[PDB]
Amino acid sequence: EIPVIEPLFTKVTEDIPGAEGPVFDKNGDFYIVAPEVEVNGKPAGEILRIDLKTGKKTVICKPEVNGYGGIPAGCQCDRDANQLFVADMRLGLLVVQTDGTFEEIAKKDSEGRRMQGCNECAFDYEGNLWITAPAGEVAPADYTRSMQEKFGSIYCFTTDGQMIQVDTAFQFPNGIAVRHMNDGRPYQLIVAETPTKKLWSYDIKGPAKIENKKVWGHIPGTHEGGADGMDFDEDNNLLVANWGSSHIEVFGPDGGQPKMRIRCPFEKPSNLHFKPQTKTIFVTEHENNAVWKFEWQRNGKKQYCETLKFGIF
């Protein structure tokens, strides 16, 4: 039987519709996105900064392009500039400044196709951004999602600014993570396909170059939902939020079946993020639409924004 641990969870903040994309910037500030905020039945998603002391929220950005509101769902902090890359289910990929100003990255990919709505993104150490796109075409196109049909795609936004679709035909690709070698070279891309209860992997051969698609891991449960967000700890164990299972699964470097499970005091864990240089993990969940934190067994794997461009070692 898979061992299960029940760490102490401390509530940080609440009342954040669809609480997602937890992220820390280069200054140590904490942000979260609220993709499910609606005004008059239309999308009006928000990007928020949270004060870790009081738990008070501040809306820094409410993305909108030509009257079309966004559904921000995933975040990554850049390294060479303190700015956030945000995956939006309606607007695609956005780059957001801490002052609240934002820019739409692309309306079409490298092959001239309309961009699809995105949900999550992950930087590899070379600066390439891997993105999951479970939604259909971005606004003004009618909103649709690949929960039932297989039209979700995977993109790679390269360092030289190219938006390349690297694969498609996924039934709601969601969480994504990059496994790196000890020397820092990116070598494995892990992608969650939510409803199918599978984690897929690819070997990374270079920027926007992936091959050897394989079923990497299996998510437990027959409940509606599945793997949502994920991140690696310093030993390369992959922690995966299993939405609807009340647990966060822990996979070893080689995948397969979970080697441990973390029971949460809520049914819908969605995403998570480690606070830099600590064992503290912040988790967002959709039962109470809140953010919690708990202590893991070790520090998290450094995010791209924590690495040095001009380092020696």
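Numbers follow the displayed sequence, beginning with 1.
Chemist: Between 269-277 and 247-255, point out the one with the higher average CA B-factor as the PDB entry records it.
Modeler: Going by the record's values, the stretch with the higher mean is 247-255.
Chemist: Would you tell me which stretch averages the higher CA B-factor in the PDB entry, 182-190 or 228-236?
Modeler: Of 228-236 and 182-190, the stretch with the higher C-alpha B-factor average is 182-190.
Chemist: Can you pull the Cα B-factors for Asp124, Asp99, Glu120, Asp78 from the entry and say which is highest?
Modeler: Of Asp124, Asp99, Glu120, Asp78, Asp99 has the highest C-alpha B-factor.
Chemist: Between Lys197, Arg90, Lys214, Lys150, which carries the biggest CA temperature factor in the record?
Modeler: Largest recorded C-alpha B-factor: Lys150.
Chemist: Please place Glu295 in the lowest, middle or highest third of its chain by C-alpha B factor as given in the entry.
Modeler: According to the entry, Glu295 has a C-alpha B-factor in the chain's middle third.
Chemist: Using only modelled residues of the chain, where does the Cα B factor of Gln303 rank: lowest third, middle third or highest third?
Modeler: Its C-alpha B-factor, which the entry lists for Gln303, ranks in the lowest third among residues of this chain.
Chemist: Among the modelled residues of its chain, does the C-alpha B-factor of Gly206 lie in the lowest, middle or highest third?
Modeler: Highest third.
Chemist: Should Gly41 be placed in the lowest, middle or highest third of its chain by the C-alpha B factor in the entry?
Modeler: Answer is highest: the recorded C-alpha B-factor places it there.
Chemist: Taking the values exactly as deposited, rank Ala34 by C-alpha B-factor within its chain and report the matching third: lowest, middle or highest.
Modeler: For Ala34, whose C-alpha B-factor we compare with every modelled residue in the chain, the answer is the lowest third.
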